[PDB]
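Engineer: I am sharing input-v8.csv, which consists of CSV, N, CA and C atoms:
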```csv
chain,number,residue,atom,x,y,z
G,1,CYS,N,152.5,2.5,168.6
G,1,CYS,CA,153.2,1.3,168.2
G,1,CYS,C,153.8,0.7,169.6
G,2,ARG,N,153.3,-0.5,170.0
G,2,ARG,CA,153.6,-1.1,171.3
G,2,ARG,C,153.8,-2.7,171.3
G,3,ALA,N,153.1,-3.3,172.2
G,3,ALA,CA,153.3,-4.7,172.6
G,3,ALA,C,153.0,-5.9,171.6
G,4,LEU,N,151.7,-6.0,171.3
G,4,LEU,CA,151.2,-6.9,170.2
G,4,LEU,C,151.6,-6.4,168.8
G,5,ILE,N,151.7,-5.0,168.6
G,5,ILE,CA,152.4,-4.4,167.4
G,5,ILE,C,153.8,-5.1,167.2
G,6,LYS,N,154.6,-5.3,168.3
G,6,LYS,CA,155.9,-6.1,168.2
G,6,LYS,C,155.7,-7.6,168.0
G,7,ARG,N,154.6,-8.3,168.6
G,7,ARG,CA,154.2,-9.6,168.1
G,7,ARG,C,153.9,-9.8,166.5
G,8,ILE,N,153.0,-8.9,166.0
G,8,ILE,CA,152.7,-8.8,164.6
G,8,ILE,C,154.0,-8.4,163.7
G,9,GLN,N,154.8,-7.4,164.2
G,9,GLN,CA,156.1,-7.0,163.4
G,9,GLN,C,157.2,-8.1,163.5
G,10,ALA,N,157.3,-8.8,164.7
G,10,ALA,CA,158.1,-10.1,164.7
G,10,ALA,C,157.7,-11.1,163.6
G,11,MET,N,156.4,-11.3,163.2
G,11,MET,CA,156.0,-11.9,161.9
G,11,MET,C,156.2,-11.1,160.6
G,12,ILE,N,155.8,-9.8,160.6
G,12,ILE,CA,155.7,-8.9,159.4
G,12,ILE,C,157.0,-8.3,158.7
G,13,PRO,N,157.8,-7.4,159.4
G,13,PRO,CA,159.1,-7.0,158.8
G,13,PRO,C,160.4,-7.0,159.8
G,14,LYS,N,160.3,-7.8,160.9
G,14,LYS,CA,161.4,-8.0,161.9
G,14,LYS,C,161.8,-6.6,162.6
G,15,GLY,N,160.8,-6.0,163.3
G,15,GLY,CA,161.0,-4.8,164.1
G,15,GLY,C,159.8,-4.5,165.0
```
Could you quickly redo this structure as structure tokens?

Structural biologist:
Amino acid sequence: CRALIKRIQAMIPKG
């Protein structure tokens, strides 16, 4: 769990 994982999670569950 890394960089674009935090781009997608910024959209998906806020983490």

Engineer: Taking only chain G into account, list the residues labelled alpha helix (DSSP H) by DSSP (computed from the backbone), as a ChimeraX atom specification.

Structural biologist: /G:3-11

Engineer: Would you mind reading off the distance between atom CA of residue G:2 and atom N of residue G:14, one decimal, in Å?

Structural biologist: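 One can read the atom CA of residue G:2 to atom N of residue G:14 distance as 14.1 Å.
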
Engineer: Would you mind listing what lies within 12 Å of residue G:3 as a ChimeraX atom specification, with only C-alpha atoms counted and same-chain residues fewer than 6 positions away left out?

Structural biologist: /G:9-10,15
